[PDB]
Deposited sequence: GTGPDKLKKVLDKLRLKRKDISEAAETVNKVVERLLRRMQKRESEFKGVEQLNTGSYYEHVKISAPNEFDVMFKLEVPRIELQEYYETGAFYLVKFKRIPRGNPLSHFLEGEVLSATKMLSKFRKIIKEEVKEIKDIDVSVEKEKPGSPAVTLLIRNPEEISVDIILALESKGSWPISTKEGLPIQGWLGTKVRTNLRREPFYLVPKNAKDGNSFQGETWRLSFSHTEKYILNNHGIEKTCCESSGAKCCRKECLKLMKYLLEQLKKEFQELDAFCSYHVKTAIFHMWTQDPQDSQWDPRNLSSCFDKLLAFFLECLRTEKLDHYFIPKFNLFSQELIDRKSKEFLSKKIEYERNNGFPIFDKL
């Protein structure tokens, strides 16, 4: 009941969706068409909408959109980067429009992202229809972010991605454990879909920095978000409603509110809560464990689970099991205890941050 009214606050307004989507789709279409023109290195690039807005778990406002510009790259050798599971060097063996980005048969991520970015930058200069600029490059981001002033502020992440149609890399063999939940036939089909490589683009200063790519499964996550039940009819018009997406929204919101206030929580992002809930959905596969009447206990067990990930410093990648998003090397124990305290406090005092 309290949680029901929070979800009401979080609910997107169709009027805002129309105005935001109209602008966003103009700018994305124009950008996609420029990449196809002339001798462009990214001719053939294809669009793929991903992220919360296209999963229907975008909360508060339609003000951040994620778009993959995926490029199919045949004949690819992968070199795993120091057994991390998630990061790869990409190599060709043909000796090609990616020519300028090669580097001794190693594909440079930062060279390829720079050229990509320069093209976007130039195309944006030509838009005098809407108030759109390109954000200053943020480190770690595989994106070229647009800031649209639609009056209202709207971020768009154009994510550059390599597309391989081969079988997924062995580090993902034990990942995507949906057998007891969405089943083996779904798992086999999902894994026949391509996999993607986005540039890691770190600033750290470490070996291979500009040639390290990171795996991406936003397309699979989008499918799972929109086909999330053990029963084929979950949330359909002739089926029963579950509260799975609603729990994701409330936990996304707890993390946004907290991250808005405290800069201690910079290391944390929404993908942390998105990953934790895929694990919850696997742990509790049955649609009856996500009954809308038990929204409270469902939201509570998700916090209990998230709190155990923080304290034990373990949140495995859903697709790459050996990859721990809460490792010491990525997030300080300080940062984890701090967030643990803040969650425990919201939990046990009636979620006062839900009222700001």
### Query
What gaps appear when the modelled C-alpha atoms are mapped onto the deposited sequence?
1-4, 100-102, 364
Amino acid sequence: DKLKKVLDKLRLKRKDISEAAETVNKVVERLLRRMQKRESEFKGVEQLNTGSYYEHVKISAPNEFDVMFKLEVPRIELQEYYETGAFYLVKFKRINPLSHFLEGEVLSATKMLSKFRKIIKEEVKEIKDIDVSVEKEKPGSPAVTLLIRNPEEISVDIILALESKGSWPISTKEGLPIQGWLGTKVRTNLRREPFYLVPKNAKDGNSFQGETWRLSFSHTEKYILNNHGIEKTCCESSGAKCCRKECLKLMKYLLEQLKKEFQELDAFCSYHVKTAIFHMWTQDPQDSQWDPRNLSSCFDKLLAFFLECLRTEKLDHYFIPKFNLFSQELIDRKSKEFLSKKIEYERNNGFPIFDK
From here on, numbers count along this sequence of modelled residues.
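The term rigid core refers to the most C-alpha atoms you can superpose between the two forms while keeping them within 1.5 Å.
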## Note on the structure
Should one compare 124-132 and 245-253 by root mean square Cα distance from the shown form in 7 other deposited structures of this protein, core superposed, the larger belongs to 124-132
#### Entry: Farther-lying stretch by C-alpha RMS in 7 other deposited structures of this protein, rigid core as reference, of 115-123 and 73-81
115-123
### Query
Checking the other PDB entries that cover both flanking residues: does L182 lack coordinates in at least a third?
no
#### Entry: Gap at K200 across at least one third of the other PDB entries
no
### Message
Which is higher on mean Cα B factor in this entry, 232-240 or 122-130?
### Response
122-130
### Task
Could you check which stretch, 40-48 or 53-61, carries the larger mean CA temperature factor in the entry?
40-48
## Note on the structure
Top Cα B-factor in this entry, restricted to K165, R191, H279, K203, sits on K203
### Residue with highest C-alpha B-factor in the PDB entry, from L315, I320, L303, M35
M35
## Note on the structure
In terms of its chain's C-alpha B-factors, the third that includes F92 is the highest
### Task
Determine, from the deposited record, the chain-internal third of the Cα B-factor for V73: lowest, middle or highest.
highest
### Query
Split the chain's modelled residues into thirds by Cα B-factor; is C247 in the lowest, middle or highest one?
lowest
#### Entry: CA B-factor placement of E135, once the chain's modelled residues are sorted into thirds
middle
### Query
Would the CA B-factor of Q209 place it in the lowest, middle or highest third of its chain?
highest
